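What follows is a single chain, given as structure tokens, in the form deposited in one PDB entry.
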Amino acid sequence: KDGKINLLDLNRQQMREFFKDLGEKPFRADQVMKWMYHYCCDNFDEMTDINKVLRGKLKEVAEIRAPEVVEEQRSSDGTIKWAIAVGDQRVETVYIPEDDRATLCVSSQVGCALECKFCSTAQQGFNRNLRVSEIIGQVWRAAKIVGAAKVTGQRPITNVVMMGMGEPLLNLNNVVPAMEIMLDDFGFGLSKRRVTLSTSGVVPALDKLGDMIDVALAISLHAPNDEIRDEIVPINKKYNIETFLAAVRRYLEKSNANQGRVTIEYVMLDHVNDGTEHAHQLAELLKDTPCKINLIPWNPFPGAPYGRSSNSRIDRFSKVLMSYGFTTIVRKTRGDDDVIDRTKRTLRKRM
């Protein structure tokens, strides 16, 4: 807004290049980056080992502006759901704590174009791609809130997943540098095994991803055959299951963050994809792809075309897969979470 460079938009190299233009040596960029990501600092004044002159330069041409929280919802089990303001739009960020880990689910887009029939985001349609600052800024903001204070169980973020609003492979230009910052020693310093990109299967973009970065891959499959997938996840019409699975294999040739084993996501949809015959078909489909299968007890929202699969159907589905020796997990569901308002506020201030 002020015509200043948001430093959260910049990877290590771009940061160094920017600092070079300020007439500063590359080490000063690394130093500021460290303050930004190791101490979640967005205030140049708090950077005590930087001299006043450099501080003055930075305040004039740059800022550290992460997206703000407009709604926080805290659950019993420790799960936090944030609504995040991105310009004039809203995205979602979710913190999920566990005993041995803490996972952040980060949005890649404002809305989505993929039209997955089980997805409430798909209802909105695609608005825009998120900028680097608005992706990495979700991690930054969450880490600040989780760190600031200070509750039992909620350890610092250990894992980040590109899983939320939007298809990450349709925003490669912003998703890739964001992940680079997550991975970087001077950024969040996360292992590549703990940075996971989840995709529904944009094949040429996946081929592209593997040439750009080494990060863990997860796939949103959600169906055992092409006729069912064409219906539930329309992008399958462009790139079918076999085209998707071959692209996964090509990615694993360039990348070893997965250690050969991709996580496969599968929402359970009442009488759509949750039958024993579907499970047997899934096992056959996945016989040549090393995997862990996450069966997801999906909950309907108002207007959803599908119902929840019963627990006994999910159980029988799980057992079929286990009989073939697949590592399969029924994912423990986490959390239980006006138009005239602006004019009303104006009419109130009048009194």
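Only residues modelled in both forms are compared. The term rigid core refers to the most C-alpha atoms you can superpose between the two forms while keeping them within 1.5 Å. Just count from 1 along the sequence shown to find any residue number.
The discussion below concerns the form deposited in another entry, not included here.
Only one of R155, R249, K144, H280 crosses a C-alpha shift of 2 angstroms between this form and the one not shown, counting 2 angstroms or more, core aligned. Which residue? Comparing the C-alpha positions, the one residue that moves 2 Å or more is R155.
Note whether the distance between the C-alpha atoms of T152 and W140 decreases (closer) or increases (farther) in the other form, against the displayed form; the change is 3 Å or more. It is closer: in the other form, the C-alpha atoms of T152 and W140 lie at least 3 Å nearer than they do here.
So the C-alpha spacing of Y266 and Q154 changes by 3 Å or more in the other form; is that change toward closer or farther than shown? Relative to the shown form, the pair is farther apart.
Upon rigid-core superposition, which contiguous segments of at least three residues exhibit Cα shifts of 2 angstroms or more between this form and the one not shown? Runs 148-155, 338-351 stand out as displaced between this form and the one not shown - each at least 3 residues long.
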